[PDB]
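Shown next are two forms of a single protein chain, provided one at a time as structure tokens under the names structure 1 and structure 2.
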Structure 1
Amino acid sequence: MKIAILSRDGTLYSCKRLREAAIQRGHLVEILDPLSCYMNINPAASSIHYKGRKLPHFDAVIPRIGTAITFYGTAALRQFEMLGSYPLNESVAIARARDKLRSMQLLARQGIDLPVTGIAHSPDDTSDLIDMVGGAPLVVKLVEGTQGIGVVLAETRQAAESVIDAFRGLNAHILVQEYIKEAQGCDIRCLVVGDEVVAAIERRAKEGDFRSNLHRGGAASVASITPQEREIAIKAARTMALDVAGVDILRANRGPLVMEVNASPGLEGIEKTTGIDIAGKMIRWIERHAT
């Protein structure tokens, strides 16, 4: 079947691997830059054009939508949807999942155990806000629109006060979250494809730091996750209505706490440390649901 991959870049590992795993399974594959799409929305279901030509009808389409071109990207994805394609992750689920606040809210509402987090833009009693989330030490993450630019630890009460009113009226909102010290800087990225966790790794932060992220200098090992964690990661990915999701989990004394739910997570590190054909698993899932 013919399938498109929406990604402004098609050389990076994940998009390359998807192209490869899809031709390998007997499919035709085009990689399309969203920003180079253009189409009539009115009338409904008018074809999409790409560099002077119409496009053929794609039976399915993988969105790898840049965190920064989200509105136009999801607009193009939604046109493909309205024209009949099958989305590996629907556009409205992508939109929902971008807004980290809307998502934490939806998760807590469904009884998913998250860490205790509060939110604030230009608050007026920083001491009240700190008391609200259980006091120091705390993690302050901040966000410009949907983009989060900083995650920082504050171990004292004054450090929290300083960071909060440093960001106060800075025109970005912020989350203050209980610092899971017991994680020792470790985070478990599970990768849900449809109704199963198909992979999982453990990221370990480099010494003197708490930031799990690989790029920030972290180790990546293979993770052996409890059945409880598997269950709650699938429930999370359901709650968000994602066909493909990257659920991040912190192991806290009271249990597993979801902290982030990505909707087009990177493949390279998790494949290269587990050896699982994840692109293949999601192309299977397409095959099983495409038409």
Structure 2
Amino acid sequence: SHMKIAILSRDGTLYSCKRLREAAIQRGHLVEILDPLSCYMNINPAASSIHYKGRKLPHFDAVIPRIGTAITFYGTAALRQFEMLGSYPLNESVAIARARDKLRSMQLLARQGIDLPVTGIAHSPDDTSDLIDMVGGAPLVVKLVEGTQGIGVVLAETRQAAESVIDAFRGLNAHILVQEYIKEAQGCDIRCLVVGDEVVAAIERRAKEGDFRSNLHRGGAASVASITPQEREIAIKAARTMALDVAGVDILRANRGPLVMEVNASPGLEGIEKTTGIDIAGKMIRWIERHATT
């Protein structure tokens, strides 16, 4: 096979080492790790080489984007150029772009029939009481966002709390914001990692005693997971709907059933690899091998 594979990222972290590793090992591929920010190119005379530190890049059979949440406009532009040059991407630019927008993505998942928690959208709602009654929740989660980021989640246990919180963020200097109801669960969500058409690995993320969260480390403790066939199907459908080749789907276990809470196009590998012992980076290179033309 022997492919030249580029990896779009800003630095060297476990994920970056684990695939330089798995690509050099597996069918003896060459790997260059490029900062997207350091790429520069003529978007005009259509295609045209990509430049990096004064030299022309040599044509990659494939590109592995792993673009940061704060560099996603330029990142996807550079990604787009690689695509136009013939490189196969796991996760294509459009898909990556759209996925960063949690609003667009939640909308899309909902339209395609995927069970989410009931969720409200707002920015400067003008009648908070009506917004709270919509969504139904008396206890619910409010998630501040600002553009396409996320700068906070918070639980509002009472009506008044939910009121004061929304009224706080309403001062648009916090910008777009999301309401959805809290769970049974217990600060425990399941993170499935999809590569192509299968769930490749899956862990339970568990909260700490102080309120909830559950985030990777907002106090989070990982443990290996027992996914139901139903959860497995869902997490694969979610990625398919988002047109993501690699994705992290987070699932909450509600009484009514499993609910998708979020979908990531650049899931971290370390926690989930170390927890399960699964060679995820390898399943990714393997996927490239099945799909990239050389």
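Residues that one form lacks are left out of the comparison. For residue numbers, the reference is structure 1: its sequence is counted from 1. For the two forms, the rigid core is made up of the largest set of C-alpha atoms that agree within 1.5 Å on superposition.
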Checklist entry - Relative to the superposed core, which single residue of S221, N171, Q105, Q184 shows a CA shift of 2 Å or more between structures 1 and 2? => result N171
Checklist entry - Rigid core fitted, then: does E268 show a CA shift of 2 angstroms or greater between structures 1 and 2? => result no
Next on the checklist: Once the core is aligned, does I283 move its Cα by at least 2 Å between structures 1 and 2?
Outcome noted: no
Checklist entry - Where the core is superposed, what shift in Å does the CA of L18 undergo between structures 1 and 2? => result 4.6
Item to check | For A136, CA displacement between structures 1 and 2 after the core is overlaid, in Å | outcome: 1.2
Checklist entry - Where the core is superposed, what shift in Å does the CA of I149 undergo between structures 1 and 2? => result 0.3
Checklist entry - If you overlay the rigid core, what runs of at least 3 residues show Cα shifts of 2 angstroms or more between structures 1 and 2? => result 10-25, 169-181
